[PDB]
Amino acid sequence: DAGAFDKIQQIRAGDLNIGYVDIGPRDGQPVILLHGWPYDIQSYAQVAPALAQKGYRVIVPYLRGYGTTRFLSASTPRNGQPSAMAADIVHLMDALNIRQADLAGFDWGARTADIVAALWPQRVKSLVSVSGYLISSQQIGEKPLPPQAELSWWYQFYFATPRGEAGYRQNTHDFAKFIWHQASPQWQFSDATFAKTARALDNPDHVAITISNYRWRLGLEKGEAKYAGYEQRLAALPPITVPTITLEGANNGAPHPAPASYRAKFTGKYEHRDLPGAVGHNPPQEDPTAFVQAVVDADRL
């Protein structure tokens, strides 16, 4: 089915009605592919059908603040703290009756998969984590980096101000597109490619989730009480015990750690891969062949 990745399913899960693609054989090994900011499920439009053809069951959800994922209740805080997204994924797994899956992600999606693997390792068969170990804490997020590193993170400081919230809301499309070009300077993505994901950024919670994510990271927002236990566990920087492949691209313009720096955060089976070429901040969308290979390899590591 040439149209399969365009059939969006909906399911109640936790505080959300999650929008997701679900393709591949129903009895196939499950794989859950998680996008980043400001990207969406289209990051896996080529990866997912390729995995499905090789006998995997593939789930590709919109995160909170994107696409057709919505809050069930108007009164639920539009909260972007890290463990909230991890909880969302566990609720999705539960709602789908998926006991264990391979997880893969980049940017927020990598952080989210990292958290699921660290806090609920029994649910994670193996992990593909682009840019390594992305769990951190508010206490760390308060500490400055060298001036040029802060410039590379400029937008998070913009988002800490009311002017930034207003800019992101008024100029969502242009702002996200500028970010895409900064993060993957050698990716010659088409206007239509961008526009297809931009549609999902017009979700009515997208701004709120974005600003919340970056304010929480800087220690400028208190999370919700029901996630405080998870955040306390995460602040210890717990290691990931499940088989993991980490990926990085040679032309990633977005802030990322050096691979040696995170080697000892993965205490089980492990491999790191530098992807050669023009590959930037979004390996699955930019290099779907290599990303698929990584998921298959991690699933057997």
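One rule holds for the numbers: they count along the sequence shown, beginning at 1.
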For this session: State which stretch shows the higher mean Cα B factor in the entry: 250-258 or 45-53.
Result: 250-258
Exercise. What stretch has the higher average Cα B-factor here, 70-78 or 193-201?
Worked result: 70-78
For this session: Name the one of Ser152, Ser184, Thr210, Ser131 with the greatest CA B-factor according to the PDB entry.
Result: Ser152
Problem set entry | Selection from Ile89, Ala117, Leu218, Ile135 [criterion: highest C-alpha temperature factor in the record] | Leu218
Problem set entry | Within-chain third of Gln232 by Cα B-factor, per the entry | highest
Exercise. Ranked by Cα temperature factor within the chain, is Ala290 in the lowest third, the middle third or the highest third?
Worked result: middle
Exercise. Of the three thirds of its chain by CA temperature factor, lowest, middle or highest, which one includes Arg64?
Worked result: lowest
Exercise. Going by the entry, which third of its chain does the Cα temperature factor of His173 land in?
Worked result: middle
For this session: Compare the C-alpha B factor of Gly14 with those of the other modelled residues in its chain, then answer lowest, middle or highest third.
Result: highest
